[PDB]
Amino acid sequence: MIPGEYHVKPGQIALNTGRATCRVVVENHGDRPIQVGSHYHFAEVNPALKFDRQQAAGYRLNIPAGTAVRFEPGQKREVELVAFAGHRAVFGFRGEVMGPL
Amino acid sequence: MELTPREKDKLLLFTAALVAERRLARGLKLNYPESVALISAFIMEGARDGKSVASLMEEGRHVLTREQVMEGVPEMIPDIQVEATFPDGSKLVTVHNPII
Amino acid sequence: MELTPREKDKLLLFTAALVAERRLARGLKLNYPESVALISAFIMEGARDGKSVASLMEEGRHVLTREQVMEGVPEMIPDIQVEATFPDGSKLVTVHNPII
Amino acid sequence: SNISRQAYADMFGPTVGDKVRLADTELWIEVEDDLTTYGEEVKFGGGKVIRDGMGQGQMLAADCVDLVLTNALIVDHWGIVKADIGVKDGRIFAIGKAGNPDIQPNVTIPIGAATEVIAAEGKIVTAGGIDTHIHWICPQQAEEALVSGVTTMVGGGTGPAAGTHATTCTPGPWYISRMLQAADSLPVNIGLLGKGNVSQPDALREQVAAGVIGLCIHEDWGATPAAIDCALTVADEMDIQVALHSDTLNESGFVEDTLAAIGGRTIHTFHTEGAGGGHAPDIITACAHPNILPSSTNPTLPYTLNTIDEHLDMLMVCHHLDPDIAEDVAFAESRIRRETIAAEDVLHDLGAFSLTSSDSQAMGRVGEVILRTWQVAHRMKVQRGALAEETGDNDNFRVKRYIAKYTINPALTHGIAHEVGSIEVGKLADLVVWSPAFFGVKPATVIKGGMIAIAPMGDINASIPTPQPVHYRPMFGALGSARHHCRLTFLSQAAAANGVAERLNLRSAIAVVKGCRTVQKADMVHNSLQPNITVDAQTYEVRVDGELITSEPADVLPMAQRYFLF
Amino acid sequence: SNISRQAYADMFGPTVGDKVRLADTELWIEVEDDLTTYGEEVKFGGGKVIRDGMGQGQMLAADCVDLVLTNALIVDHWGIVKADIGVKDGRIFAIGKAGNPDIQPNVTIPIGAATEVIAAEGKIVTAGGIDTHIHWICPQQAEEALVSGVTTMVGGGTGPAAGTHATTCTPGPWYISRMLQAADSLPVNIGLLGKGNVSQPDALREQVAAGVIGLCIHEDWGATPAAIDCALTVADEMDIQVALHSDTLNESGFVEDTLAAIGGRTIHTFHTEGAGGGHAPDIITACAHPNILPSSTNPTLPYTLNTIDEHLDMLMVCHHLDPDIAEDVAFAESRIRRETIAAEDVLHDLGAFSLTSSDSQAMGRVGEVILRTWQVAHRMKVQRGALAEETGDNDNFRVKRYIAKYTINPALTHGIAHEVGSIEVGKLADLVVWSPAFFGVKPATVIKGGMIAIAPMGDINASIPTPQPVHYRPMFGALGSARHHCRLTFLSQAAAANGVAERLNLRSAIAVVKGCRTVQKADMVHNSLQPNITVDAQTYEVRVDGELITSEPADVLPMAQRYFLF
Amino acid sequence: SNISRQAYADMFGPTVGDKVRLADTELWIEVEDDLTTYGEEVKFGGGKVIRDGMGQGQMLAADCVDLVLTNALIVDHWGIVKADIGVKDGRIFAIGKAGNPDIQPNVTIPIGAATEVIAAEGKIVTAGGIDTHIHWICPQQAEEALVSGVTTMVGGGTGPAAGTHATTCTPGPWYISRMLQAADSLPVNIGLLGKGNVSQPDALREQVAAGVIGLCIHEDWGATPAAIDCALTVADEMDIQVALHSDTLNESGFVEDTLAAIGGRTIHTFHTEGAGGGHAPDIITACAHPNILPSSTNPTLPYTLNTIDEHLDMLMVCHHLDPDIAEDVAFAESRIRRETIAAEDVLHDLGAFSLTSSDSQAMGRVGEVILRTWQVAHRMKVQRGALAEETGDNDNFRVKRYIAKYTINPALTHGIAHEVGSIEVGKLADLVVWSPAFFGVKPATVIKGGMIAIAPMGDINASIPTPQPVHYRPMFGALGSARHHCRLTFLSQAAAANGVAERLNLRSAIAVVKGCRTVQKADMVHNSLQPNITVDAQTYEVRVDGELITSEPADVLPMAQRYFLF
Ligand code: NI
Ligand code: NI
Ligand code: NI
Ligand code: NI
Ligand code: NI
Ligand code: NI
């Protein structure tokens, strides 16, 4: 007996289903590490990350909400993006869009 | 003495620990509050003696064993934290999974 | 620990009982508050051990005798009451004429 | 991407189909629904979702909630569902999907710069309890009750005085005014009951006009047919509730005469089992009538090994009875009966008894109304198994039936259900957050009117709120004017119209009671059974449809020795 | 029918002719009268008298009292009688026979639906003490004093500051205003004293117009003939009291010069014995004059084995004296004299000293004014026997003489006797209920303005208010606006007329002092002796009519080790 | 006559040329000036100077101070001098020579009947500390901070909620209003910070109009260039301060990008060393710019033996980080760096870091801001010796530089320096009196707005305030309306003009912040160094002008085990 214990049923959860996604190769060209969040507009991440910014337009990382992806200096890896929804209006970040799209 | 609010608060932890200490001596299996109180006071005295944070983080896991506390209690305490005045000022001691 | 107001209040009864306990040990005849505090803490520990209400109502009358308390004290205490968490929850223990 | 169910539960709390044990009981709840869009959950923290342009929008205050309880597992009379809770203006704004509409789908609860966050993932959220049987013997009961999860207190008294010790009555205009003022200092919602034992209607109307939300008829002040009829007559015209503690001595008649005087009019019978007061030994039969809203006081919940031994002396002290006076002790065995004590537990399980209360410091424990309701549910599952209404392999229905006993049912019975009682939009945000290991015993957070009023807090000078010693301390919701803004003083409609709040210069929010004469047994959520119950005048045996009703005394219970220091 | 006297006493408390021991002293009181009609006593409880149509009537609120203290044994300067006490609008309504005129005879105190009940049978009821020598060194003294049974506090101070540590003075308009506001938070009646040491009348008038009810002349601020005369001149025109702590150093003259400056005008001399301050060593001779209202501070009451040893260091700390400075220590033996310390006890017994006070945290104990007055009475009975005024085999007269020392006499001296000081109709209901075993030591209930302010209370979550631990906790009468409504802030007539209460926005009830210039030694109830007392300049011996006055030091006292934990 | 210097110091405290050790540290202060006229010092007591016609004059209230702190040794950013302090209307009236102009020479601070006295001879007087990094996790922090000597608290929060646990933000109008009201109950000066992470200016303006005196940008809510720029734009137009806790993850850019978004506009960078948050690992380089007002949080002050071990787990709890999630733990070693931790101590000693704060219950200790600032000063003197600015054989300059870190510099940075921050005429009388043996650790008296708010107090029923147990208890300055009159609620100019105080019905005094956009590094008293500092991206080494900056970890510190019970 364990007070307040969970009895989670076995299986898996499919995240962000029914949404456009794309893979992108990203390379950290900075001298310090960089870490990106799940809902951050990818096309506006730290300028030291080299990748096709044009493709990541309106996308965010296809990872469980709240988690993050790290890039050590000089690191290169392929990440999967998922398209923003709702009104698809970006406000904030580095302020490159500040409106719909 | 000029006892500040925090020094008086700790007198509460100390007194709670006296209750647990006597009960364990009678040979009872300790409950949730009794456990936390007992291990927490252990650590405070550790700092008073001048033991380092690192030493106590380890010793804190050998105060009570799974066979000395009630069922479910070890899982009810994922870690224990208490601050005390060490020779080099106030420091935080975190003991992860104290009861095994 | 998550100590509620009532658990903290009992830490008062416990500490009051430590004072009486030491005094009786020196061989002093206990006074009014010292007596109540000492017998009251006896009962609480009784419940912690898991003794029944009925057993304690009896044992409570054999903690202190008329020759261990100050004059007039036994008549100043027609009964003693304290509640504690027994295995089957909170219960009230009433000890009538505890000192004889 | 994809995530395993276990990792998912550790991160955002359990989802549909997962089960959770309640504290250390045998009760298991199973999530019935989840209102989230998988992958779009909101989480607060460094690099998490609730950050500008992401899970936080650009809308102004008016367009977003003030508080969001993220990933909460709600347990209410209406469901056991996973959702985010939105709070605006101290009231429940919505139960849905929190986030930013600019980038997330299905957001029904907007998060903006003005939104504070309470991370409820892995916690169980419930409405605040409502104790309708308070003896105002001391102000210290409010803190005690609040720490246990009871956010509303109805009762009567003036302090430690013989009248109050014995009865829930705030006698007359002066004491009512005085208690109404003193109430602004207490961190819980309050409503007062006046003394209703009078055969002169005007003496009652005054008290109602003075501010009381009900009248308590107590045998210590004379629960005669004349008095009962008089109180119910005024209640009918002023829209207030009557709480009854009948004639135990059968001095003016038996239970059936009391039932006759009531005349099928709405009334809330206190401690219907009888141990706390009422016609000996069959006051329990009242639970069979459509106009009676029956409740129990907690000392008899649940039937255990020490219950009887304890009760013999608890009786005397309360009602100023003399252990030497034969007559004052003779009715002890007629008052405390093992047969009715055991039957009561079952009658709750069946829905025949609809409420639970304390009977604070007069045969009941103020901080144990929630704790004992669950100990009963546990014991009944253990002895009788699944209820006929259960579906699936969980105790979900039994949990809704028992949680309604100290939340919504008490709210309906006293005419305050329009303001509190459950987690429904528009209601005052009186919420309690619990860690599953401490459900029903010690809360993680207690929210009043939209602000945290009390919570466990560690070392004040510590670098984090978690180091020891950890104990309940008052928070901002319990301070000065913030408290006034987060609590309600319930008035009667007459008192409200007479300007009693302006004249007494009350600083708290005001709420008016209504619909006390129209509620009936059939309205009590999940607890509307009107059983054909009989009680044997001699053997004291309780029978429902001829079948014997009874249960066995527990030697050990959960939510007891594992959680308390004393 | 018929009932034996013993059973009668157990049921309704003692009656005419019965005697009761006060705590563990040698003092015995005997009931002088009983106002009840045998068989028609009112008792509260199940099946008792105070029930609808029986001991409770049908009258409206306006026609019945708010509170009734049933079967109380009153001890007051005017009698030791058995009666019921009626309370209405926070004031003493009547002392008579409570009940229902419809069915009972001689009912002078009506009980209705609006009447709360306090069962006082077997208890002793007294008025609240009044301490006229408070040093406001900390707010914590009010709770301490209240628990002991002192409901009114007069004194001065601003907090723990050198000026206040040494003197009872609230210096100037700003500090007075600040302390008047802070007072609303305290659960006792308060009146402030300003600094009266100034030879410029306008500097005093301001303080009086600012709100003080008196002026304290203290040697630490300069108790010169000029200052004394100036303060008494303003007092005469503003109707305020002057409290004096004379020139111990004889710097400006001896005691006879101080007496000369006073000029036969009304004045209250603080600690007239001298140990607490005043002309060394004969300030005690002042008790012989018609215009001097003399009082004692409690550390010297009564003369005991450890009194002298203790006092030597207690002196220094208080008045910031230096133990190394010869001059600061030389006047120690001139200040503390065994001869005057022993004589003081006798002078109280004779009625030459009319008041008792504490001198809180500056050579006196705030929670021991009542306790020590009785310890003196005990010791004096033990050593000198019956007073010449006694009648019958009881200590009744000695009890009235000593109880008046901390109740009515302090009330007359400061011009507040019209509001408090004794149990008389129209006075504020500041009452203290005691169990005979704890009389003078620990109260059963302490009532302020008609509401219980503090009382011993047991476990809050207990099923009854009696389980342990039992200790004093604040009740409703001590909360927010209810407290404001049950306490008085005494103002000077000028302050009242200037609208000081409206300008400072004081929330409590206001009372004005009056008749401070017209009281004299002959007005002090039971304590009006003006003895021909002399003091030997060298030997320090005190003589009254040439006969030597003295008493022996006690090794053990009652109301001590049997009641306290520390 | 003549008196030896030693006897003189024992009597009136040290004078010019005398040195005094601070607690048990190696720091020694030397009196630089004395404002008295030898032989004309004022002393309170029996036969002392402050008596009518002597050291006390005949002037009316308007012509004399309300309070005088006699013979005080002031330690302030401007000097370490001996003088009397005059207090009038809750404000500092003068720093000079107290007495009576009628008979004494050079009296600049008049003493009259309305003057209270605090004997400060032999004590050290300082202004009250100001903590600009408060997380309102609980109201209990105010008492804790007050007892340590901090009279002003700036920060944000709503209580124990995830948002507040992690950030100093009071989100939106409702929570701001609620916290503004709750603040009237707290005995310290308060100013709130709102959530500034929004790319929509109107959402910020509302919060400012609602009452906040600043906006906190926190990475947990998204510290992106857009958000930063938006907050600074509004700050520029509303005259409020912005407190920054940058992007530790370098998610939107490195430190130089944050610096770019700021655009040379005024900003206060929180915990500039980095351990508490900010761009890893070089957020420390910000202390080199003219527009950055840098401060440190106390857990890293000073570098000691257990600092690193402790910090690893302290990180997680605060910002709701998961020890299992690789990403949430990976940035632990990037956050906590021994190299920057040691360098910070030196950077303070040089004046490159201008403030010290706590970061209460989110990686910092509320009652240790003063204590730790001095422990650093001690350690730096021990390791680096005399500063280049020292003159004479004392640590005077190092003491002024370090005392300014928690007094005046925090006051300038947040625009409240016109009301508090130092001991200068016209400023609120927020003073702290210390015994030299307990300097920086436990105060003798803590004065708020002219009244003692908290002080160590002994047995309440004792004959003097000194018997044990002695512990801090609330005084009159902390009670009801007196408290309201002695504390300030800081509002923004917009909030003040909108009538927010009248609408929320705030009872305390109001003060408006101004000059937050015009302060710069060069304005920070004694701490204006803009060093050419670099940080090695890999080795994390800190270099100033190419030279390596570092210090050694202490194994033992003063103001620790000798003063505390736990
Ligand atoms: Ni009842
Ligand atoms: Ni009841
Ligand atoms: Ni005096
Ligand atoms: Ni005095
Ligand atoms: Ni931060
Ligand atoms: Ni912080």
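Residues numbered from 1 in each chain as written, not as in the entry; some residues may be left out. Chains lettered and ligands numbered in written order. Part of a larger assembly, values for the part shown. Heavy atoms only, no water.

For chain D, the name recorded in the PDB entry is UREASE (ALPHA SUBUNIT), with Klebsiella aerogenes as its organism. The UniProt entry for chain D carries the following text under Pathway: "Nitrogen metabolism; urea degradation; CO(2) and NH(3) from urea (urease route): step 1/1." (UniProt positions renumbered as here; feature names shortened; annotations may be inferred.)

The name that the PDB entry assigns to chain B is UREASE (GAMMA SUBUNIT), with the source organism given as Klebsiella aerogenes. What UniProt records for chain B under Catalytic activity is the sentence "urea + 2 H2O + H(+) = hydrogencarbonate + 2 NH4(+)". Under the UniProt heading Sequence similarities, the note attached to chain B is "Belongs to the urease gamma subunit family."

Asker: In this structure, what is going on with the arrangement of the chains? I would like to understand it.
Answerer: Separated in space, chain A and chain C share no contact, their closest pair of C-alpha atoms being 15 Å apart. Separating chain A from chain E is a minimum C-alpha gap of 24 Å, and the two share no contact. (Contact = heavy atoms within 4.5 Å.)

Asker: Would you mind showing me how to read the packing of aromatic side chains here?
Answerer: Aromatic ring pairs are described here by two measures, namely the spacing of the ring centres and the angle between the planes. Taken as a whole, this structure holds 33 aromatic pairs over all chains when the rule is applied. Residues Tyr40(A) and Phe93(A) carry aromatic rings whose centres are separated by 4.9 Å and whose planes lie at 75 degrees to one another, so their mutual orientation is edge-to-face. Linking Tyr40(A) in the loop between β4 (34-37) and β5 (49-50) with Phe93(A) in the loop between β9 (89-90) and β10 (99-100), this pair joins segments that are 53 residues apart in sequence. A ring pair is formed by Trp174(D) and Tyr175(D), whose centres lie 5.1 Å apart and whose planes are at 85 degrees; its orientation type is edge-to-face. Residue placement shows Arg178(E) over the ring face of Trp174(E); its charged tip is 5.2 Å from the ring centre. (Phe/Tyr/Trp six-rings, centres within 6.5 Å; stacked < 30°, edge-to-face > 60°. Helix = DSSP H or I, 4+ residues; strand = E, 2+ residues; numbered from the N terminus. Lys NZ or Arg CZ within 6 Å of the ring centre and 35° of its normal.)

Asker: How do you make sense of the relation of the copies chain F and chain D when you look at a structure like this?
Answerer: Mapping between the two chain copies consists of a rotation about an axis together with a translation along that axis. Laying chain F over chain D is done by rotating through 120 degrees and shifting 0.0 Å along the axis; what remains is an RMSD of 0.0 Å. The operation mapping one copy onto its partner corresponds to a three-fold rotation axis. Closest approach to the rotation axis within chain F is made by the C-alpha atom of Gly480(F), at a distance of 5.8 Å. (Least-squares fit on C-alpha atoms.)

Asker: For this particular structure, what's the right way to read the coordination of the nickel ion (ligand 3)?
Answerer: Residues and elements named next belong to chain E. Binding of the nickel ion (ligand 3) to the protein goes through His245 (ND1) and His271 (NE2), at separations of 2.1 to 2.4 Å. If you look at the nickel ion (ligand 3) and the nickel ion (ligand 4), they sit 2.9 Å from each other. Of the two residues, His245 sits in strand β15 (residues 241-245) while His271 sits in the loop between β16 (267-269) and β17 (292-297), which places them 26 residues apart along the sequence. By the burial criterion, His245 is buried, and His271 matches it. (Donors = N, O, S within 2.8 Å, 3.2 Å for Na, K, Ca; no water. Buried < 20%, exposed > 50% of the residue type's maximum accessible area, 1.4 Å probe, protein only.)

Asker: I keep staring at the sheet that holds strand β27 (residues 547-548) of chain E and nothing clicks. Help me out?
Answerer: All names here are of chain E. With antiparallel pairing, 3 strands are arranged side by side in an open sheet as β25-β26-β27. Strand pairing shows two members of the sheet lacking a second neighbour, β25 (533-535) and β27, which therefore form its edges. Note: β25 against strand β26 (residues 542-544), 3 bridges, orientation antiparallel. Within β26, the position partnered with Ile533 by the bridge is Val544. Here helix α11 (residues 338-350) sits on the sheet in contact with β25 and β26, set at roughly 30 degrees to β26. (Pairing = 2+ DSSP bridges. Axes fitted to C-alpha atoms, helices over the stretch in contact; angles between N-to-C directions.)

Asker: Got a minute to help me understand the side chain of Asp349(F) in this structure?
Answerer: All names here are of chain F. Its place among the elements puts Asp349 in helix α11 (residues 338-350). Polar contacts involving the side chain of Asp349 include one to the side chain of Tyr402, which spans 2.8 Å. What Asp349 contacts, discounting residues up to four positions off in sequence, is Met380, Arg384, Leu387, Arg398, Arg401 and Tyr402. (Polar contact = N/O pair within 3.5 Å; in protein donor to acceptor, adjacent residues only side chain to side chain.)

Asker: What exactly am I supposed to notice about helix α1 (residues 5-25) of chain C here?
Answerer: Under the 1.5 Å per step criterion, the end-to-end length of α1(C) is 31 Å for 21 residues, consistent within 8% with the ideal 30 Å. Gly27(C), located one to two residues past α1(C), shows a positive phi value of around 90 degrees. (Expected span 1.5 Å × (residues − 1).)

Asker: Even after reading the chapter, I still don't get the UniProt feature "domain: Urease" in chain D, so can you show me in this structure?
Answerer: Annotation from UniProt places "domain: Urease" at residues 128-566 of chain D. Overall, residues 128-566 of chain D shows 31% helix and 18% strand. The separation of its end C-alpha atoms is 25 Å.

Asker: What is the right way to read the coordination of the nickel ion (ligand 4) from this model?
Answerer: When a metal carries six donors in an octahedron, the ideal angles between them are 90 or 180 degrees, while four donors in a tetrahedron ideally lie at 109.5 degrees. Protein-derived coordination of the nickel ion (ligand 4) comes from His133(E) (NE2), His135(E) (NE2) and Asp359(E) (OD), at a distance range of 2.2 to 2.5 Å. All donors of the nickel ion (ligand 4) come from a single chain, and their spacing in sequence reads H-x1-H-x223-D.

Asker: I would appreciate a short explanation of the interface of chain F and chain D in the present structure.
Answerer: Size of an interface, as often reported, equals the accessible area lost when the parts are brought together. Residue-level contacts link 61 residues of chain F with 54 residues of chain D. Between chain F and chain D, a total of about 4500 Å² is buried, with carbon and sulfur atoms accounting for 61% of that surface. Of all residues in chain F, the largest losses of buried area upon contact with chain D belong to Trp174(F), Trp221(F) and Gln361(F), amounting jointly to 15% of the total for that side. In this assembly, chain F and chain D are joined by 2 salt bridges. (Buried area = accessible area lost by both parts, 1.4 Å probe. Salt bridge = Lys/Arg side-chain N within 4 Å of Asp/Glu carboxyl O.)

Asker: For this particular structure, what's the right way to read α11(E)?
Answerer: Residue and element names in this part refer to chain E. Over its 13 residues, α11 extends 19 Å from the first C-alpha to the last, a length consistent with the 18 Å expected when each residue adds 1.5 Å. Here α11 lies mainly inside the structure; 10 of its 13 residues are buried. All of the buried residues in α11 are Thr340, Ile341, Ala342, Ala343, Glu344, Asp345, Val346, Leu347, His348 and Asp349. One or two steps after α11, the chain reaches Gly351, where phi turns positive at roughly 95 degrees.

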